[PDB]
Amino acid sequence: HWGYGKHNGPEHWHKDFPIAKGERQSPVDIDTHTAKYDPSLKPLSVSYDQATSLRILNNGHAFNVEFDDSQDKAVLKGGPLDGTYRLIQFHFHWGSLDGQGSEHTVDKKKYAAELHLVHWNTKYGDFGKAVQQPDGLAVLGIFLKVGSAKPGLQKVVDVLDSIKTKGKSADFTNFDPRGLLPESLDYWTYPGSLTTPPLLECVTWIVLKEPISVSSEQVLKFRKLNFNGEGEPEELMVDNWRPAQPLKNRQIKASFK
Ligand SMILES: OC[C@H]1O[C@@H](O)[C@H](O)[C@@H](O)[C@@H]1O
Ligand SMILES: OC[C@H]1O[C@H](O)[C@H](O)[C@@H](O)[C@@H]1O
Ligand SMILES: NS(=O)(=O)c1ccccc1
Ligand SMILES: NS(=O)(=O)c1ccccc1
Ligand SMILES: [Zn+2]
């Protein structure tokens with residue numbers, strides 16, 4: 001099954017998921033000089049005040065913090081988006097070392113990690129129907145650099161010891177995802193895909209320009225997670241990122257002049 005190792009990682013995925021070589025795959029390198037300000041973008045609205053987190057799960061690839069998406073609570077609107085997109089989960093991708101870990105790159109520079117807040121377009125009723133649509137999903141991507149600690153991340157860090165291995169989950173109620181955002185909502189946007197199998201080309205990507213800072217100790221705890229299940233040989237959950245894919249017939253737009 002797919003993973004991030006030498007024998008099942010990104011360079012193998014196309015054999016089961018031929019869309020891996022498709023026309024709008026993610027992530028991509030963001031060439032900041034070629035990205036163009038787009039005056040047609042509307043103001044972006046990240047409305048997370050009523051978010052209801054439920055659970056945190058080690059799925060063998062990353063950990064997902066899951067939300068109640070049975071009503072409009074935490075939603076993303078505006079910017080490049082037509083209509084309302086509901087938060088379903090967030091997760092991260094990270095490296096074995098601070099010099100790698102992000103999926104998107106900025107002028108080829110790799111960040112230590114990248115946070116993905118995943119939302120589905122409510123016009124399609126459910127996530128499963130949304131991933132049959134070209135505009136089914138919106139992912140808000142946020143880079144992580146290592147420096148000062150991110151206070152709003154610490155509750156996540158501290159629960160990871162309870163979900164060390166694949167298939168473990170824990171209650172994770174009353175978590176406020178607003179604490180994971182940077183100050184500025186300046187962003188780049190482009191049409192792309194899921195960055196893990198099934199690699200579906202459903203995503204409007206919104207990648208914030210300003211990274212968040214997390215401490216070395218915080219990211220080191222990400223790196224203590226395991227890809228394997230309980231009782232199996234330990235394989236540290238590190239380097240769970242897909243490298244940049246060809247831009248092909250796309251343009252990256254900037255929200256800022
Ligand atoms: O034809 C001109 C147009 O070319 C497009 O590729 C750009 O996205 C537009 O911003 C520009 O106005
Ligand atoms: O907010 C997420 C979680 O943070 C801490 O783990 C709290 O102890 C727990 O009650 C809460 O579910
Ligand atoms: N796509 S996958 O599951 O990573 C895969 C790996 C090796 C051979 C065929 C498929
Ligand atoms: N990593 S990603 O593109 O945010 C993603 C989101 C949901 C499912 C699969 C992948
Ligand atoms: Zn992701």
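Draft legend 1. Quick peek at the pattern of salt bridges. Inspection of the entire model under this criterion finds five salt bridges. Between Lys73 and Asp68 there is a salt bridge, with the nearest N and O atoms lying 2.8 Å from each other. Classification of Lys73 by relative accessible area gives partly exposed; the value is 22%. For the salt bridge of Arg223 with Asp98, the shortest nitrogen-to-oxygen distance reads 2.8 Å. You can see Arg223 sitting in the loop between α3 (216-222) and β15 (253-254) and its partner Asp98 sitting in the loop between β7 (85-94) and β8 (105-106), a full 125 residues away along the chain.

Draft legend 2. Representation of the coordination of the zinc ion (ligand 5) in the model. The coordination sphere of the zinc ion (ligand 5), as far as protein atoms go, consists of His91 (NE2), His93 (NE2) and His116 (ND1), spread over 2.0 to 2.1 Å. One can describe the donor arrangement at the zinc ion (ligand 5) as tetrahedral, given that its four donor atoms subtend angles of 98 to 117 degrees at the metal. Positions of the donor residues of the zinc ion (ligand 5), expressed as sequence spacing, correspond to H-x1-H-x22-H. Look at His91 and you get buried, because its relative accessible area is 11%.

Draft legend 3. Looking closely at the nonpolar core. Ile56, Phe63, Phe90, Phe92, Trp94, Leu117 and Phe222 are the most contacted members of the largest nonpolar core, which totals 44 residues. Elements that contribute at least two residues to this core include exactly β5 (63-67), β7, β9 (113-121), β10 (137-146), α2 (154-159), β13 (203-208), β14 (212-214) and α3. Top contributing element to this core by residue count: β7, with five residues. When neighbours within four sequence positions are excluded, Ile56 is seen to be in contact with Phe63, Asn64, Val65, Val156, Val159, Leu160, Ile163, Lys168, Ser169, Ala170 and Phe172. One finds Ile30, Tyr124, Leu137 and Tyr190 within the second-largest nonpolar core, a separate group that totals 23 residues.

Draft legend 4. Summary view of the UniProt feature "active site" in the protein. Residues annotated by UniProt as "active site" correspond here to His61. For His61, the location among the structural elements is in the loop between β4 (53-58) and β5. Not counting chain neighbours up to four residues away, the residues in contact with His61 comprise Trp2, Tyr4, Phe227, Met237 and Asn240.

Draft legend 5. Quick look at the site of ligand 4. By nearness alone, every residue bordering ligand 4 is listed as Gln89, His91, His93, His116, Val118, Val139, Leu194, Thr195, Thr196 and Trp205. At 3.2 Å from a nitrogen atom of ligand 4 is found a side-chain nitrogen or oxygen belonging to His91. At a separation of 2.9 Å, a nitrogen atom of ligand 4 approaches a polar side-chain atom of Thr195. For ligand 4, whose unbound accessible area comes to 290 Å², protein coverage reaches 89%. Counting only elements with at least two residues in the shell around ligand 4, the list comes to β7 and β9. Looking at which element gives the most residues to the shell around ligand 4, the answer is β7, with three residues. Split by residue class, the shell around ligand 4 holds four nonpolar, six polar and no charged.

Conventions adopted
- Residues numbered from 1 in each chain as written, not as in the entry; some residues may be left out.
- Chains lettered and ligands numbered in written order.
- Heavy atoms only, no water.
- Residues with missing side-chain atoms left out of burial classes, pairs and counts.
- Salt bridge = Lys/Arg side-chain N within 4 Å of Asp/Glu carboxyl O.
- Buried < 20%, exposed > 50% of the residue type's maximum accessible area, 1.4 Å probe, protein only.
- Helix = DSSP H or I, 4+ residues; strand = E, 2+ residues; numbered from the N terminus.
- Donors = N, O, S within 2.8 Å, 3.2 Å for Na, K, Ca; no water.
- Tetrahedral: all angles 85-135°; square planar, octahedral: opposite > 155°, others 65-115°.
- Core = buried A, V, L, I, M, F, W, Y, C linked by side-chain atoms within 4.5 Å.
- Contact = heavy atoms within 4.5 Å.
- UniProt positions renumbered as here; feature names shortened; annotations may be inferred.
- Near = heavy atom within 4 Å.
- Polar contact = N/O pair within 3.5 Å; in protein donor to acceptor, adjacent residues only side chain to side chain.
- Areas by Shrake-Rupley, 256 points an atom, 1.4 Å probe, with all protein chains shown as cover.
- Nonpolar A, V, L, I, M, F, W, Y, C, P; charged D, E, K, R; others polar.

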